[PDB]
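Only one structure is covered here, and it is reproduced in the block below.
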Amino acid sequence: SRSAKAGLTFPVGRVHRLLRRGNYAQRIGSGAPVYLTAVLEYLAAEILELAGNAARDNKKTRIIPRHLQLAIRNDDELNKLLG
Amino acid sequence: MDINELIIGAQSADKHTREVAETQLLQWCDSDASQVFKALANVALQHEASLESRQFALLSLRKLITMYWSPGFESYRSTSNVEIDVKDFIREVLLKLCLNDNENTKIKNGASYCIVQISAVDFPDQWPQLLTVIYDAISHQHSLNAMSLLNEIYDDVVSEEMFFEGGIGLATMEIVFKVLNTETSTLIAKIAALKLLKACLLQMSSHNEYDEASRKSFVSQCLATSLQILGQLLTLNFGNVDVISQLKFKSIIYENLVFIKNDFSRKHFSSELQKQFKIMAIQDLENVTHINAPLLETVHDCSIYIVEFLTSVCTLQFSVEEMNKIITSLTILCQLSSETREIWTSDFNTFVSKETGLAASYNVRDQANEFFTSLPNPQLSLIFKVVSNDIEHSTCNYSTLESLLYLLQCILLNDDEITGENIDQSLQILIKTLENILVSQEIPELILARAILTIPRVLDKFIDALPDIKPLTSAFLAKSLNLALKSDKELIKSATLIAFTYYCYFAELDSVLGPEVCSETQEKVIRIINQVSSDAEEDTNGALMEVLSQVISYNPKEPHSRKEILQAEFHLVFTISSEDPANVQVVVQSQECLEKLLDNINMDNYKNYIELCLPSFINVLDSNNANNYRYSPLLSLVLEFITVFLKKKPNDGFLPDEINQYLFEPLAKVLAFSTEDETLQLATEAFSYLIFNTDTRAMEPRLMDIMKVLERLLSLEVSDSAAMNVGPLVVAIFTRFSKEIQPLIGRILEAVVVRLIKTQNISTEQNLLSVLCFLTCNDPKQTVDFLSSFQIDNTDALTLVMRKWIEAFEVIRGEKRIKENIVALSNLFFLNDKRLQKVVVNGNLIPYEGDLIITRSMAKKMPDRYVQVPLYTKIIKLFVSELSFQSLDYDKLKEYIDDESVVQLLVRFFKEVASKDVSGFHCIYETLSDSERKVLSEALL
Amino acid sequence: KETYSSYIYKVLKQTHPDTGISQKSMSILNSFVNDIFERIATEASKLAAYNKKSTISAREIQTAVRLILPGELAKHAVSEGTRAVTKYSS
Amino acid sequence: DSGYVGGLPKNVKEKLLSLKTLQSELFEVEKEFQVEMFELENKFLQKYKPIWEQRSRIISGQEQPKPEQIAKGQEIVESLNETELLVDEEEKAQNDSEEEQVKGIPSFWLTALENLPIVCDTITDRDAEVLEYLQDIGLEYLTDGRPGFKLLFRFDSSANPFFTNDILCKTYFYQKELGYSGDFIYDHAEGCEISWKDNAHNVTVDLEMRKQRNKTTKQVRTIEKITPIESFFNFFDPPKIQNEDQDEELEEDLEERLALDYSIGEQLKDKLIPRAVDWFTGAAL
Amino acid sequence: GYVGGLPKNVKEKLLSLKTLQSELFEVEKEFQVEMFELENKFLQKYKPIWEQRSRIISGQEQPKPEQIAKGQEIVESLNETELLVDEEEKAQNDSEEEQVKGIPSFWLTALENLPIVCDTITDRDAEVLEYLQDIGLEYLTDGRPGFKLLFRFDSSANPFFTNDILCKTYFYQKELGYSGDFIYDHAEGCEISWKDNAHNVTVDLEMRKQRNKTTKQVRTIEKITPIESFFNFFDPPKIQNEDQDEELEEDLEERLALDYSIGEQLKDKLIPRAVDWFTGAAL
């Protein structure tokens, strides 16, 4: 599939389908779903990295919601993006 | 011991003693928290005092735990750390309190919440035996509250490895199935077990590796046993002993069934089981509706889950009897409770918010909407026949009649086109029934509102298969408007406005009604909007703006138009939006209404429009002038409206001198004194347009003030986020006053450059590059001279400015702006200046090895690495990329060439270059990659 | 969404060799991902309309990202998108 | 030995001529024998048709095995070694709604053909793409008209995207006289023109497209090219002869292509279809 | 492999396919029976021609002018102009022509031109074959299917053995060998009643007259030692496989391959085609 070629774990096909069925535009470019998938995967990686750091500071090995909210709140850029 | 006194004081009424007790408690912890925690634990455990005293002791523990238990808490205070020996003590005490069913419910709940917090911080590294103790309690002592605690902590503590592989999952399922199979279990025990089962299903729904054979087999076995058991449970009956427990029990069963259906592969929960549970679910709808004879609330929740299941298995065929049962049950369930009727009738804004779909409440009405919206076409047509037949019989039973009309509304919202053998006769009868409902004099208010909202749906769904659709649409619309008028209920008026909005969706009213009746209905809708606008909540005002946007669209485009309608239209646009400028919907739709009200415009009409509108605005600007123009939603709103007028100039000339006389001085003051980002942004945009579109000879005396405002904005006395629109203002000043300003171009250009390089905001750099594009189109060589002679940090501004400009090209917005940038860059290219040839910019990124995602953490050691290319090469690459978005040798291509749109610009540019700039483009073409060469040559064909 | 969760697991395993994520935390992450997707897609739609262009393409996506994502998130999201597209289409 | 031949007396030469005449009579008797062979073989092809059709239905999934045939297959499995067909407990747990999601035997005929030694060499992947839609391979003996046998390949137009022909068939023809050994000798073969939906899906050719604005002829013109390529579907449209080119070029064409084509046809007809299932599973090797 | 690993639908379909294989195998058994019936029918037609040519060869029947003319036309069409008559040959008188009744060494020459069997022919065997008149073939109807070969020798004038006719038998396996044909089964043959060891071409003889040095008795010795020959075609390999013959069974299998090759050669080409191979045109 295209995601493997791009070097992405996220579902390029799912993103492309969502873009098309959302009727956001008459046409969806070939590179648009790849770019959007890369961005979403990057943001997921950021949030997961910071949540994992928060959990590891408590010496846990599990990211429960407390750690996730703590990581988002203590990171100004993510705080502004996600509240 | 003295902790008890503090508990009393903190638990007391008066502030002074409660504050004293709270402090005294805190300093003790600040000294040592060991004493306080030990004392509070002993208080909860042993005093046997008033239940309120123990409950408050537990509450204090709740508050103290987060402050002093561990740094893991955000609210942690470093004054002292709870002694380890005390930690074990309070853990033990909390377990003894929570697990013992005989304790009072308040004590158990307090202990449970404290345990939740402590476990969230301590399990499993600090508090190993938590799950051991909980499962010992559940298995041996049968502690029901232990099951509730386990349910609450399950997801926080039980990780995948323990669940699938540590045996915790199997142990939990053993507990659940032993509880459910045991015939003697009380309904409370079964409900707790079913909630714990929901927790297990959640855990099984997704896991790190689906393919693991052991995990797959475990999931299959658990799901099979669960479905068998739930099949057995639903067959039970309890002889009306406790209806609330039974309703909760059914609710949780169907929640679990929905979860299994929706979150696991279809290979589980085969179709035969789906049929069996469909029959059971229908029978349970009947049972619940009869039990209805907090009872109502629980009934409605159970109904939500049952109907959610039916929605999940709606693909199956439903027998005629099953459709009749479902329709009767939903008729009973979907009728409005007396409380909702009173709320809507007393405050129509709630009705408007719900009907427009803005209200957050989700209830059986919405779930019934979901069910009918999902049916397939054969079932949908049959159930439409059922609902229509029920409406035909229930035409004198008002209580059910609204429920039936809402069900019909839900059906008609289904995408599949209703079609059937006898539907045409049913549709004729239904149309007659709706006409009778409107004409009936004694009809209740809510039924009438539902009929009015439903009729548009009936007409839309059968836009085909209805003869004389146009007379029907005209008659129904006229009747609904006439009822909305000359009636004193805001429900009817708001419902009629929303019904009008529905009409506009499917019918071109101006064509359907004709120009005359179209104008008449515009006047009627305007009158209704005036009448209801006096009692509008925020959501109601948003809805009124939508309605008015619809009404304005139908005003005659003929050279003749009713000036009264235009005036009233603008009056409403300004009045409604002035009430609550902060409402986002009102602002956006006000801009829509104003734009389309100025869609096409000529001078004579404009002078009247500005004569009415603008004097209102100067009132607002002067009003805020006393406020020194601090931020105000109304101020921003009026600024946006002024920008809309200035943007929608009449094509037949420059702006009147009156607009200059009206707006210049107020805007001049706004830019001279305001200090907040948004206000200065909007004022700068409006002022730039005012300067740009006014006749030059009519404004030159004002040049001094213009430059004064510009110099204020350039000084950076206003922050960079402010003065965002200075670019366009400088462009306008240069365009109108090119000759008079020449001596000042150097300073203005250097200040603009200084702003451009430092800023990181995309919009600011775009606007500032607009100035460079203007100067380059006017005279490229002079722009190059200024940028090269100007110095920042001991480097010519050119290298920095060109690098910014090239990088900014990727993201500039707008057709005209893209074209402006293209022509500016084209001029730089043709100039073929050595100073430019020596400039170097950044090409593509060099990827690193592997597939690692580079986060901000890694950036320090994995920076973005570019490749360095001369400026002109990057110009050409940018243009080729643009061609690729829009849509094999140089010598042959050059020979091939010899023998207003973006693509037009780019193609003409390339042809001219290849013909003329032989050596510069030749070398670049020789270095372009083959895909680029192919796009370029294909475009050049 | 359920696919998003599995790919969240894969991304987590790449980010940390071994660490688990609760189901409710996974739902929260899926909510954030859907929110960002919606915001960027609507912004790209508006930009494509404003560019008078029928197609949402890498230009619209990049501009929407630059507009929405604060600070360094914008830079790194742009870098990731550009490098992903370069690996792709090549 | 020419000297010996000359040494034979005239009477012995007459006797040898009579013996040669007797050999010719034996040749006509062999002709009658071959005619009877062909007639009875056609009769037995009719006899085989029901079983072949039933197994084809089983392969395509149009029919489901009955318990009696299931037991007969099981007891046949107990004979020799076919325990692969013995159904295990795990499979019985499955439900028809889970198994019938795939109807028929995927790539049954493609696998059977690719397992055949001589023929599989000619099947390229591009040809194998069409073979995925192959669901039947039938035999027909040209009792009427010129003697020969015709191979039939069946497809579904609504399924395959390559051609609109539901059935593709190949024809082989023998001469009116028997061979020296008494076996049949071959005549030039013929094949059907495949009704490709479009040239792009055509598997026997390779195409190119270019546009010029040619200076040499001052023509704004578009050119298309087609080149035949090696492929199993070249098994059809066999070579034909033109006298002047036949003498020089096509002599080697008949020496090579006809031999390979005839061997492939014989291998199919004899080895493959009578043991189609064994060839599919490889027991026929 | 994986086909079995596929859900039981595929397994049951393949079981039905195997049942259809069994039904087709029964149909094919009846098919082989019909082929054997019609092969026997046409072998009944073959036999008269073979016997007539044998009569011509051994000289107890004479050609006819019409047959000679037809053979002349056939030879002219064949291009084998070596058989054409010449005026010099016509000059031969009847007395010279009748000095030999049959064709001298007809069968011997045909077998010498034969690819494989000629290798087995020795000089004494070549002398023997001059007494070979006819070669006959037959099909085995009872029990195991098979075919039988027969040779006719003029035992009256034969000074080597008294066997008027020698028959060689071949057998097939009970059921249908895979691929729709029959696989070989062991063969049996007759024993040659040689008149004496000196005239026995399957044996080389040694004559000794001795006075024993130990017992001082007077004795005359006739000694025997088998040798290879064309009649090793007879005394064929004993059994297909037996416990006591394994060491023998090695050579039995090798000679079985060789003898089945020879017999298939005979049946397919020699008995149906004898004139050309005597003349060598069939080479």
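Residue numbers (PDB author numbering), protein chains in the order written: chain B, 17 to 99; chain A, 1 to 293, 302 to 895, 931 to 942, 963 to 1004; chain C, 37 to 126; chain D, 81 to 365; chain E, 83 to 365.
The C-beta atom is built at its ideal place from N, Cα and C for all residues, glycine as well.
Chain B contacts made by the segment 92-106 of chain C, where a contact means CB separation under 8 Å = Result list: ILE92, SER93, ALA94, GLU96, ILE97, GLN98, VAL101, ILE104, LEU105 and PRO106.
Amino acids of chain A, ordered along the chain, whose beta-carbon sits closer than 8 Å to that of C:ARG75 = Correct list: empty, because the minimum Cβ distance to chain A is about 15 Å.
task = Can you give me the start and stop residues for the alpha helix (DSSP H) that A:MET553 sits inside?
result = 546-561 is the span of the alpha helix (DSSP H), which, as asked, contains A:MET553.
query = Mind pulling the chain D residues with CB within less than 9 Å of E:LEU258?
reply = Residues of chain D with a Cβ closer than 9 Å to the Cβ of E:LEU258 do not exist, since the nearest Cβ in that chain sits about 11 Å away.
task = Count the other C-beta atoms from every protein chain shown that fall within 10 angstroms of the C-beta of A:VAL875, then say buried if there are 16 or more, exposed otherwise.
result = By the 10 Å Cβ count, A:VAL875 comes out exposed.
query = Taking Cβ to Cβ, would you say A:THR583 is nearer than 9 Å to A:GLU554?
reply = Result no, Cβ atoms of A:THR583 and A:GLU554 do not sit closer than 9 Å.
query = So, does the CB of B:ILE80 fall closer than 9 Å to a CB anywhere in chain A?
reply = Yes, contact with chain A.
key: Reduced DSSP secondary structure (H/G/I, E/B, other) of E:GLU220   = Three-state result, E:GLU220: strand.
key: Test item: CB-CB of E:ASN245 and E:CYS272 under 9 Å   = Going by C-beta atoms, E:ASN245 is nearer than 9 Å to E:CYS272.
ask   = Taking Cβ-Cβ distances below 8 Å as the criterion, which residues of the segment 38-57 of chain C are in contact with chain A?
value = Taking 8 Å as the Cβ-Cβ cut-off against chain A, the residues of the segment 38-57 of chain C that qualify are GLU38, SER41, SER42, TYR45, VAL47, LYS49, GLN50, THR51 and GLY56.
message = Determine, for residue 294 of chain A, whether the minimum Cβ-Cβ distance to residues of chain C falls below 9 Å.
response = Residues lacking coordinates in chain A include everything strictly between 293 and 302, among them residue 294 of chain A.
Residue ranges of each alpha helix (DSSP H) within the segment 38-97 of chain B, 4 or longer = Every unbroken stretch of the alpha helix (DSSP H) spanning 4 or more residues and falling wholly within the segment 38-97 of chain B is given here in chain order: 47-73 and 81-89.
CB contact below 9 Å: C:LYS88 versus chain B = Among the residues facing chain B, C:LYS88 is not included, as its CB has no counterpart in that chain under 9 Å away.
ask   = Alpha carbon to alpha carbon, what distance is there between D:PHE264 and E:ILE203?
value = Roughly 33 Å separates the two Cα atoms.
query = Going along the chain, which unbroken runs of the beta strand (DSSP E) with 3 or more residues stay wholly within the segment 690-763 of chain A?
reply = With a minimum length of 3 residues, no continuous beta strand (DSSP E) run stays inside the segment 690-763 of chain A.
query = Taking Cβ to Cβ, would you say E:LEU211 is nearer than 9 Å to E:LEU232?
reply = No, these two residues do not count as a Cβ contact at 9 Å.
task = Grab the span of the alpha helix (DSSP H) containing A:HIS985 for me, first residue to last.
result = 981-990 is the span of the alpha helix (DSSP H), which, as asked, contains A:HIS985.
inquiry  = Out of A:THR427, A:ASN42, A:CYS404 and A:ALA367, which one is the CA nearest neighbour of A:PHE392?
reply    = Among A:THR427, A:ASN42, A:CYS404 and A:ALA367, the Cα nearest to that of A:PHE392 is on A:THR427.
query = At a Cβ threshold of 9 Å, is B:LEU86 touching chain C?
reply = Not closer than 9 Å to any Cβ of chain C, the Cβ of B:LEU86 fails to qualify, so no.
query = Can we say the segment 746-762 of chain A touches the segment 775-783 of chain A, given the rule of at least three CB pairs closer than 8 Å?
reply = Yes: the two stretches touch, three or more of their Cβ pairs being nearer than 8 Å.
request  = Compute the Euclidean distance between the alpha carbons of D:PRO147 and E:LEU97, then round it to the nearest angstrom.
outcome  = Cα to Cα, the separation comes out at about 10 Å.
ask   = Which whole runs of the beta strand (DSSP E) in the segment 184-221 of chain D are 3 residues long or more, in chain order?
value = Taking 3 residues as the shortest admissible run, the segment 184-221 of chain D contains the following complete beta strand (DSSP E) segments, listed from N- to C-terminal end: 216-221.
key: Range covered by the alpha helix (DSSP H) that runs through A:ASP156   = First-last of the alpha helix (DSSP H) with A:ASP156: 144-157.
task = For my contact list, A:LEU6 and A:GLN24 are in at a C-beta cut-off of 8 Å; report their separation, rounded to the angstrom.
result = About 5 Å; that satisfies the 8 Å criterion.
query = When the distance is taken between beta carbons, is E:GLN126 closer than 9 Å to E:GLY262?
reply = In this structure, E:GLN126 does not lie closer than 9 Å to E:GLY262 by Cβ.
inquiry  = Using a Cβ-Cβ cutoff of 8 Å, what residues of the segment 290-303 of chain D are near chain A? List them in chain order.
reply    = Within the segment 290-303 of chain D, the qualifying residues are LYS291, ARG293 and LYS295.
For A:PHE326 and A:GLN387, believed in contact at Cβ under 8 Å, the rounded distance = That pair is a contact at about 6 Å.
task = Determine whether the Cβ of E:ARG135 lies closer than 9 Å to any Cβ atom of chain D.
result = Nearest CB-CB separation between E:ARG135 and chain D: below the 9 Å threshold.
task = Tell me whether the beta-carbon of A:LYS250 lies closer than 9 Å to the beta-carbon of A:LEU273.
result = No, the pair does not count as a contact, with Cβ atoms beyond the cut-off.
request  = Note the first and the last residue of the continuous alpha helix (DSSP H) segment covering D:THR251.
outcome  = Not the alpha helix (DSSP H): D:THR251 falls in the beta strand (DSSP E), residues 247-258.
query = For a contact meaning CB atoms closer than 8 Å, what does D:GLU171 contact in chain E?
reply = Under the 8 Å cutoff, chain E gives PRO89, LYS90 and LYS93.
query = What does D:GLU178 reach in chain A if we use C-beta pairs closer than 7 Å?
reply = Within chain A, the residues near D:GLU178 are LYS267.
ask   = Quick one: does the C-beta of A:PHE123 sit closer than 8 Å to a heavy atom of the ligand SAM?
value = As presented, the structure is devoid of all ligands, the ligand SAM included, so that no description of it is given.
request  = Would you grab the beta carbon distance between A:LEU711 and A:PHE742 for me? Rounded to a whole angstrom, and I think it's under 8 Å.
outcome  = Actually they are not in contact, since the Cβ atoms of A:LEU711 and A:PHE742 sit about 12 Å apart, beyond 8 Å.
ask   = What residues from chain A crowd round C:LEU83, counting only those whose CB sits closer than 7 Å?
value = Neighbours of C:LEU83 in chain A, taken as residues whose beta carbon is under 7 Å from its own, are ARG821 in chain order.
key: Own chain, CB closer than 7 Å to A:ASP432, minus 5 neighbours either side, in chain order   = Hits under 7 Å: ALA473.
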